[PDB]
Amino acid sequence: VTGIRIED
Amino acid sequence: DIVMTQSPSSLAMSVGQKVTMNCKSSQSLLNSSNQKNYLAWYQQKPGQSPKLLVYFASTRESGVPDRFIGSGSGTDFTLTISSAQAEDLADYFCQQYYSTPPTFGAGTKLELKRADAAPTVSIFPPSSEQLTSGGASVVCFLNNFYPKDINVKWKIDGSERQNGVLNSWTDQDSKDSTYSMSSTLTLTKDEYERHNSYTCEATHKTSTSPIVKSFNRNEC
Amino acid sequence: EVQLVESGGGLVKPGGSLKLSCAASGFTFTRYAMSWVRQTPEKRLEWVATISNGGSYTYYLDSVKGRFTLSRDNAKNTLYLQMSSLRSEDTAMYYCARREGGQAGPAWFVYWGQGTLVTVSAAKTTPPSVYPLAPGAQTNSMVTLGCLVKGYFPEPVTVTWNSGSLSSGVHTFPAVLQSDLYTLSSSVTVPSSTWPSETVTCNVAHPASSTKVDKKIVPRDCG
Ligand SMILES: *[C@H]1O[C@H](CO[C@]2(C(=O)O)C[C@H](O)[C@@H](NC(C)=O)[C@H]([C@H](O)[C@H](O)CO)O2)[C@H](O)[C@H](O[C@@H]2O[C@H](CO)[C@H](O)[C@H](O[C@]3(C(=O)O)C[C@H](O)[C@@H](NC(C)=O)[C@H]([C@H](O)[C@H](O)CO)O3)[C@H]2O)[C@H]1NC(C)=O
């Protein structure tokens, strides 16, 4: 992911 | 950094009339993988926080009135208010979330439409009490005019002066929908005594001839 | 019942430090990304920073990079915005908001807070100078008087005419910033038969310096 703001 | 352009800055409306707002971005907010535009609309009443109206260009948030319509694609987007109401008199912003950072537009004020009124121009010379402190503020009041677009000017001894001029605009009056603007020319006491003719003038759509108010420093 | 409470905003000098807190309720704080968006005195909405739900990845506005540090506390459901090296371009209303959309990229904000006001200024508390505005013939049936409230910090100043007796035909123009100080004007229009025979007094009160000046409007002596 590039630009993630919600981790799994 | 995407640039959002909102048109127009102010919007004169009548209660119940269809209202259209434009918003343009310097980039395409269209994601070709999900065919969805990345543009949101916010409403902001004075003294309150921005309230989301429509995201994804056309998808309306829960609770938002059905009269608000989101439309557009690519770089051009539109917010439409069918049968506009007096509760909808507010600021409207559009925001792109395609790219980082999130950018908003300058905003579009929704104002009430009323009949044109010419400004009531008054000019006031510096008070002697301010002159004793070595200052001199020349105030020009332009009251009860509409539309909001006015071109006031300060001229000293026949020459337009831009330095040391501050303007203040009131909100649209809630009883007559007019506007009032104050213009103050601030200059030192020694700077005020150098010149003799002070003139405040403005141009408005109500009068093809500019409204003029002057006074001589040695006349009353 | 999602709720966002901002605090910590206050008056600060340029270069000073300030930290804004944001308490969140009514929803699961760990499931959403939180953001700060500021609105300038010119009513411009400006995004500041965005933090992921776990705090691992933080995104900041470019103008603010290196000075603002975003920190999240998922144990107390509180968002923290550290602000250092504050500039006179940072004075704005700072809004706490809950990001929407998917895991990646920016998104719209449904829920906003009431916002903290942050004022960056080097001006000390200064009382206003209150000046009477008198016209330079009774041409019209109405006469317009005014009142200049100049050089005061901080805001606000209460301006009334005859202690509220003059309400109709009163225009109080918003304050403007001149040389790190504020200046507003107030105009009142009265019938020509009343003034100068009857008394029109401009009442100004600045609570920050605890100053109250009642200014009588006197026609301009020329002799
Ligand atoms: C992948 O793209 C992201 C941005 O994604 C977005 C956007 O908002 O631009 C989001 C949406 O998914 C997209 N929208 C769609 C698909 O509809 C949208 C769009 O596709 C286009 O990109 C729009 O132009 O894209 C980033 O570009 C990622 O690259 C990162 O870029 C930043 C600079 O902005 C950093 O330089 C970062 O580099 C690091 C590093 O390790 O060197 C990464 C660190 O995590 C980063 N911290 C962050 C970002 O929190 C750090 C910084 O220096 C900070 O100062 C440290 O706090 O630097 C880089 O990865 C991009 N990924 C790649 C590799 O292209």
# chains A, B, ... in the order shown; residues from 1 in each chain; ligands from 1
>>> closest_atom_pairs(of="chain B", to="ligand 1", cutoff="12 Å", atoms="only C-alpha atoms and all ligand atoms", output="JSON lines")
{"residue": "B:1", "atom": "CA", "partner": "ligand 1", "partner_atom_place_in_ligand_line": "24 (O)", "distance": 8.5}
{"residue": "B:2", "atom": "CA", "partner": "ligand 1", "partner_atom_place_in_ligand_line": "24 (O)", "distance": 9.1}
{"residue": "B:26", "atom": "CA", "partner": "ligand 1", "partner_atom_place_in_ligand_line": "24 (O)", "distance": 11.9}
{"residue": "B:27", "atom": "CA", "partner": "ligand 1", "partner_atom_place_in_ligand_line": "24 (O)", "distance": 9.2}
{"residue": "B:28", "atom": "CA", "partner": "ligand 1", "partner_atom_place_in_ligand_line": "23 (C)", "distance": 9.6}
{"residue": "B:29", "atom": "CA", "partner": "ligand 1", "partner_atom_place_in_ligand_line": "17 (O)", "distance": 7.4}
{"residue": "B:30", "atom": "CA", "partner": "ligand 1", "partner_atom_place_in_ligand_line": "17 (O)", "distance": 7.2}
{"residue": "B:31", "atom": "CA", "partner": "ligand 1", "partner_atom_place_in_ligand_line": "17 (O)", "distance": 4.9}
{"residue": "B:32", "atom": "CA", "partner": "ligand 1", "partner_atom_place_in_ligand_line": "17 (O)", "distance": 8.2}
{"residue": "B:33", "atom": "CA", "partner": "ligand 1", "partner_atom_place_in_ligand_line": "17 (O)", "distance": 8.2}
{"residue": "B:34", "atom": "CA", "partner": "ligand 1", "partner_atom_place_in_ligand_line": "17 (O)", "distance": 8.6}
{"residue": "B:35", "atom": "CA", "partner": "ligand 1", "partner_atom_place_in_ligand_line": "17 (O)", "distance": 9.6}
{"residue": "B:36", "atom": "CA", "partner": "ligand 1", "partner_atom_place_in_ligand_line": "17 (O)", "distance": 8.5}
{"residue": "B:37", "atom": "CA", "partner": "ligand 1", "partner_atom_place_in_ligand_line": "17 (O)", "distance": 8.5}
{"residue": "B:38", "atom": "CA", "partner": "ligand 1", "partner_atom_place_in_ligand_line": "17 (O)", "distance": 7.4}
{"residue": "B:39", "atom": "CA", "partner": "ligand 1", "partner_atom_place_in_ligand_line": "17 (O)", "distance": 11.1}
{"residue": "B:56", "atom": "CA", "partner": "ligand 1", "partner_atom_place_in_ligand_line": "17 (O)", "distance": 11.4}
{"residue": "B:96", "atom": "CA", "partner": "ligand 1", "partner_atom_place_in_ligand_line": "8 (O)", "distance": 10.0}
{"residue": "B:97", "atom": "CA", "partner": "ligand 1", "partner_atom_place_in_ligand_line": "8 (O)", "distance": 7.1}
{"residue": "B:98", "atom": "CA", "partner": "ligand 1", "partner_atom_place_in_ligand_line": "14 (N)", "distance": 4.8}
{"residue": "B:99", "atom": "CA", "partner": "ligand 1", "partner_atom_place_in_ligand_line": "8 (O)", "distance": 3.6}
{"residue": "B:100", "atom": "CA", "partner": "ligand 1", "partner_atom_place_in_ligand_line": "8 (O)", "distance": 3.6}
{"residue": "B:101", "atom": "CA", "partner": "ligand 1", "partner_atom_place_in_ligand_line": "8 (O)", "distance": 6.5}
{"residue": "B:102", "atom": "CA", "partner": "ligand 1", "partner_atom_place_in_ligand_line": "8 (O)", "distance": 7.9}
{"residue": "B:103", "atom": "CA", "partner": "ligand 1", "partner_atom_place_in_ligand_line": "8 (O)", "distance": 10.9}
>>> residues_around(residues="region 181-186 of chain B", least_positions_apart="6", cutoff="6 Å", atoms="only C-alpha atoms", output="count of residues only")
13
>>> closest_atom_pairs(of="chain A", to="chain C", cutoff="6 Å", atoms="only C-alpha atoms", output="tab-separated table")
residue	atom	partner	partner_atom	distance
A:3	CA	C:104	CA	5.1
A:4	CA	C:104	CA	4.3
A:5	CA	C:52	CA	4.2
A:6	CA	C:103	CA	4.3
>>> residues_around(residues="residue 187 (chain C)", least_positions_apart="5", cutoff="6 Å", atoms="only C-alpha atoms", output="PDB file with N, CA, C and O atoms, in the first residue's frame")
ATOM      1  N   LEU C 145     -23.628  59.998  12.327  1.00  0.00           N
ATOM      2  CA  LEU C 145     -22.500  60.098  13.239  1.00  0.00           C
ATOM      3  C   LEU C 145     -21.749  58.773  13.266  1.00  0.00           C
ATOM      4  O   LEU C 145     -22.261  57.734  12.842  1.00  0.00           O
ATOM      5  N   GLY C 146     -20.517  58.818  13.773  1.00  0.00           N
ATOM      6  CA  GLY C 146     -19.664  57.649  13.785  1.00  0.00           C
ATOM      7  C   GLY C 146     -18.789  57.604  15.021  1.00  0.00           C
ATOM      8  O   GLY C 146     -18.813  58.507  15.857  1.00  0.00           O
ATOM      9  N   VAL C 170     -27.850  51.478  13.213  1.00  0.00           N
ATOM     10  CA  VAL C 170     -26.493  51.372  13.742  1.00  0.00           C
ATOM     11  C   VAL C 170     -25.734  50.337  12.921  1.00  0.00           C
ATOM     12  O   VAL C 170     -26.183  49.192  12.783  1.00  0.00           O
ATOM     13  N   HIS C 171     -24.589  50.737  12.372  1.00  0.00           N
ATOM     14  CA  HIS C 171     -23.714  49.834  11.632  1.00  0.00           C
ATOM     15  C   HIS C 171     -22.383  49.746  12.363  1.00  0.00           C
ATOM     16  O   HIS C 171     -21.720  50.766  12.568  1.00  0.00           O
TER      17      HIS C 171
END
>>> select_by_dssp(residues="chain B", states="alpha helix (DSSP H)", output="PyMOL selection string")
chain B and resi 128-131+189-194
>>> residues_around(residues="region 82-92 of chain C", least_positions_apart="3", cutoff="12 Å", atoms="only C-alpha atoms", output="ChimeraX atom specification")
/C:8-22,36-49,60-61,63-72,79,95,115-123,180
>>> atom_distance(atom1="CA of residue 189 (chain B)", atom2="CA of residue 153 (chain B)")
20.9 Å
>>> closest_residue(among="B:59, B:188, B:218, B:71", to="chain C", atoms="only C-alpha atoms")
B:218
>>> atom_distance(atom1="CA of residue 132 (chain C)", atom2="CA of residue 201 (chain C)")
9.1 Å
>>> residues_around(residues="region 83-88 of chain B", least_positions_apart="2", cutoff="12 Å", atoms="only C-alpha atoms", output="ChimeraX atom specification")
/B:11-20,42-46,51,53,64-69,79-81,90-92,109-113,174
>>> select_by_dssp(residues="region 36-127 of chain B", states="strand (DSSP E or B)", output="PyMOL selection string")
chain B and resi 36-37+39-44+51-55+59-60+68-73+76-81+91-96+103-104+108-112+117+120-124
>>> atom_distance(atom1="CA of residue 121 (chain B)", atom2="CA of residue 190 (chain C)")
14.7 Å
>>> closest_residue(among="B:170, B:120, B:7, B:151", to="chain C", atoms="only C-alpha atoms")
B:170
>>> closest_residue(among="C:134, C:181, C:218, C:204", to="residue 125 (chain B)", atoms="only C-alpha atoms")
C:134
>>> closest_residue(among="C:177, C:93, C:110, C:2", to="chain B", atoms="only C-alpha atoms")
C:110
>>> decode(residues="region 9-46 of chain C", atoms="N, CA and C atoms", output="PDB file, in the first residue's frame")
ATOM      1  N   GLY C   9      -5.980  25.551  22.387  1.00  0.00           N
ATOM      2  CA  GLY C   9      -5.726  26.737  21.590  1.00  0.00           C
ATOM      3  C   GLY C   9      -5.804  27.997  22.435  1.00  0.00           C
ATOM      4  N   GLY C  10      -4.893  28.927  22.166  1.00  0.00           N
ATOM      5  CA  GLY C  10      -4.864  30.175  22.903  1.00  0.00           C
ATOM      6  C   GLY C  10      -3.981  31.184  22.204  1.00  0.00           C
ATOM      7  N   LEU C  11      -3.818  32.333  22.855  1.00  0.00           N
ATOM      8  CA  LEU C  11      -2.936  33.374  22.350  1.00  0.00           C
ATOM      9  C   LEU C  11      -1.486  32.989  22.610  1.00  0.00           C
ATOM     10  N   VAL C  12      -0.657  33.077  21.573  1.00  0.00           N
ATOM     11  CA  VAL C  12       0.744  32.688  21.659  1.00  0.00           C
ATOM     12  C   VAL C  12       1.573  33.647  20.815  1.00  0.00           C
ATOM     13  N   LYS C  13       2.804  33.887  21.251  1.00  0.00           N
ATOM     14  CA  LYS C  13       3.704  34.764  20.520  1.00  0.00           C
ATOM     15  C   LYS C  13       4.354  34.019  19.357  1.00  0.00           C
ATOM     16  N   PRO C  14       4.851  34.745  18.354  1.00  0.00           N
ATOM     17  CA  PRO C  14       5.528  34.081  17.231  1.00  0.00           C
ATOM     18  C   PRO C  14       6.774  33.343  17.697  1.00  0.00           C
ATOM     19  N   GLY C  15       6.898  32.089  17.264  1.00  0.00           N
ATOM     20  CA  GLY C  15       7.958  31.222  17.718  1.00  0.00           C
ATOM     21  C   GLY C  15       7.626  30.419  18.957  1.00  0.00           C
ATOM     22  N   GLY C  16       6.536  30.748  19.651  1.00  0.00           N
ATOM     23  CA  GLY C  16       6.138  30.002  20.823  1.00  0.00           C
ATOM     24  C   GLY C  16       5.536  28.651  20.486  1.00  0.00           C
ATOM     25  N   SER C  17       5.352  27.844  21.527  1.00  0.00           N
ATOM     26  CA  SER C  17       4.835  26.493  21.388  1.00  0.00           C
ATOM     27  C   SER C  17       3.409  26.410  21.918  1.00  0.00           C
ATOM     28  N   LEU C  18       2.636  25.499  21.334  1.00  0.00           N
ATOM     29  CA  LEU C  18       1.243  25.303  21.707  1.00  0.00           C
ATOM     30  C   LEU C  18       0.836  23.906  21.264  1.00  0.00           C
ATOM     31  N   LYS C  19       0.055  23.220  22.094  1.00  0.00           N
ATOM     32  CA  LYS C  19      -0.408  21.875  21.774  1.00  0.00           C
ATOM     33  C   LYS C  19      -1.924  21.821  21.879  1.00  0.00           C
ATOM     34  N   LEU C  20      -2.566  21.342  20.819  1.00  0.00           N
ATOM     35  CA  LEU C  20      -4.012  21.197  20.771  1.00  0.00           C
ATOM     36  C   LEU C  20      -4.385  19.746  21.042  1.00  0.00           C
ATOM     37  N   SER C  21      -5.357  19.545  21.924  1.00  0.00           N
ATOM     38  CA  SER C  21      -5.901  18.228  22.211  1.00  0.00           C
ATOM     39  C   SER C  21      -7.255  18.076  21.529  1.00  0.00           C
ATOM     40  N   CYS C  22      -7.622  16.831  21.235  1.00  0.00           N
ATOM     41  CA  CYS C  22      -8.923  16.528  20.642  1.00  0.00           C
ATOM     42  C   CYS C  22      -9.443  15.238  21.257  1.00  0.00           C
ATOM     43  N   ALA C  23     -10.449  15.350  22.118  1.00  0.00           N
ATOM     44  CA  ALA C  23     -11.111  14.181  22.682  1.00  0.00           C
ATOM     45  C   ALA C  23     -12.221  13.721  21.745  1.00  0.00           C
ATOM     46  N   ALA C  24     -12.347  12.406  21.577  1.00  0.00           N
ATOM     47  CA  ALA C  24     -13.322  11.829  20.662  1.00  0.00           C
ATOM     48  C   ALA C  24     -14.232  10.861  21.399  1.00  0.00           C
ATOM     49  N   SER C  25     -15.523  10.911  21.075  1.00  0.00           N
ATOM     50  CA  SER C  25     -16.509  10.050  21.714  1.00  0.00           C
ATOM     51  C   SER C  25     -17.574   9.671  20.693  1.00  0.00           C
ATOM     52  N   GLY C  26     -18.386   8.677  21.050  1.00  0.00           N
ATOM     53  CA  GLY C  26     -19.483   8.255  20.210  1.00  0.00           C
ATOM     54  C   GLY C  26     -19.127   7.280  19.113  1.00  0.00           C
ATOM     55  N   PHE C  27     -17.858   6.914  18.972  1.00  0.00           N
ATOM     56  CA  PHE C  27     -17.442   6.014  17.905  1.00  0.00           C
ATOM     57  C   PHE C  27     -16.142   5.341  18.323  1.00  0.00           C
ATOM     58  N   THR C  28     -15.711   4.374  17.513  1.00  0.00           N
ATOM     59  CA  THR C  28     -14.482   3.630  17.770  1.00  0.00           C
ATOM     60  C   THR C  28     -13.304   4.425  17.217  1.00  0.00           C
ATOM     61  N   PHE C  29     -12.473   4.948  18.123  1.00  0.00           N
ATOM     62  CA  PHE C  29     -11.353   5.805  17.741  1.00  0.00           C
ATOM     63  C   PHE C  29     -10.290   5.050  16.948  1.00  0.00           C
ATOM     64  N   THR C  30     -10.138   3.747  17.193  1.00  0.00           N
ATOM     65  CA  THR C  30      -9.115   2.946  16.531  1.00  0.00           C
ATOM     66  C   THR C  30      -9.476   2.584  15.091  1.00  0.00           C
ATOM     67  N   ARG C  31     -10.729   2.760  14.680  1.00  0.00           N
ATOM     68  CA  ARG C  31     -11.150   2.368  13.341  1.00  0.00           C
ATOM     69  C   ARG C  31     -11.025   3.487  12.316  1.00  0.00           C
ATOM     70  N   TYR C  32     -10.789   4.723  12.747  1.00  0.00           N
ATOM     71  CA  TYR C  32     -10.780   5.860  11.840  1.00  0.00           C
ATOM     72  C   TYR C  32      -9.465   6.621  11.917  1.00  0.00           C
ATOM     73  N   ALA C  33      -9.192   7.365  10.852  1.00  0.00           N
ATOM     74  CA  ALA C  33      -8.067   8.285  10.797  1.00  0.00           C
ATOM     75  C   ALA C  33      -8.550   9.666  11.212  1.00  0.00           C
ATOM     76  N   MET C  34      -7.752  10.354  12.018  1.00  0.00           N
ATOM     77  CA  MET C  34      -8.109  11.683  12.489  1.00  0.00           C
ATOM     78  C   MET C  34      -7.255  12.730  11.788  1.00  0.00           C
ATOM     79  N   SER C  35      -7.810  13.931  11.658  1.00  0.00           N
ATOM     80  CA  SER C  35      -7.162  14.996  10.913  1.00  0.00           C
ATOM     81  C   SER C  35      -7.407  16.330  11.603  1.00  0.00           C
ATOM     82  N   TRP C  36      -6.546  17.295  11.295  1.00  0.00           N
ATOM     83  CA  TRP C  36      -6.713  18.675  11.725  1.00  0.00           C
ATOM     84  C   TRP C  36      -6.860  19.553  10.492  1.00  0.00           C
ATOM     85  N   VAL C  37      -7.900  20.380  10.475  1.00  0.00           N
ATOM     86  CA  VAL C  37      -8.135  21.329   9.394  1.00  0.00           C
ATOM     87  C   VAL C  37      -8.333  22.701  10.017  1.00  0.00           C
ATOM     88  N   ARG C  38      -7.631  23.702   9.494  1.00  0.00           N
ATOM     89  CA  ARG C  38      -7.714  25.050  10.030  1.00  0.00           C
ATOM     90  C   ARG C  38      -8.405  25.981   9.042  1.00  0.00           C
ATOM     91  N   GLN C  39      -9.076  26.997   9.582  1.00  0.00           N
ATOM     92  CA  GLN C  39      -9.749  28.015   8.784  1.00  0.00           C
ATOM     93  C   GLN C  39      -9.182  29.379   9.149  1.00  0.00           C
ATOM     94  N   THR C  40      -8.621  30.067   8.157  1.00  0.00           N
ATOM     95  CA  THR C  40      -7.923  31.324   8.369  1.00  0.00           C
ATOM     96  C   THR C  40      -8.910  32.446   8.686  1.00  0.00           C
ATOM     97  N   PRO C  41      -8.417  33.595   9.169  1.00  0.00           N
ATOM     98  CA  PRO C  41      -9.309  34.757   9.329  1.00  0.00           C
ATOM     99  C   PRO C  41     -10.019  35.150   8.047  1.00  0.00           C
ATOM    100  N   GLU C  42      -9.436  34.842   6.889  1.00  0.00           N
ATOM    101  CA  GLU C  42     -10.071  35.082   5.603  1.00  0.00           C
ATOM    102  C   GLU C  42     -11.051  33.976   5.214  1.00  0.00           C
ATOM    103  N   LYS C  43     -11.464  33.144   6.177  1.00  0.00           N
ATOM    104  CA  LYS C  43     -12.491  32.116   5.986  1.00  0.00           C
ATOM    105  C   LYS C  43     -12.078  31.071   4.950  1.00  0.00           C
ATOM    106  N   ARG C  44     -10.795  30.733   4.909  1.00  0.00           N
ATOM    107  CA  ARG C  44     -10.275  29.733   3.982  1.00  0.00           C
ATOM    108  C   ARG C  44     -10.034  28.424   4.723  1.00  0.00           C
ATOM    109  N   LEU C  45     -10.627  27.339   4.230  1.00  0.00           N
ATOM    110  CA  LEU C  45     -10.414  26.033   4.844  1.00  0.00           C
ATOM    111  C   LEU C  45      -9.078  25.460   4.392  1.00  0.00           C
ATOM    112  N   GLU C  46      -8.239  25.092   5.358  1.00  0.00           N
ATOM    113  CA  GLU C  46      -6.876  24.651   5.080  1.00  0.00           C
ATOM    114  C   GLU C  46      -6.578  23.405   5.903  1.00  0.00           C
TER     115      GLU C  46
END
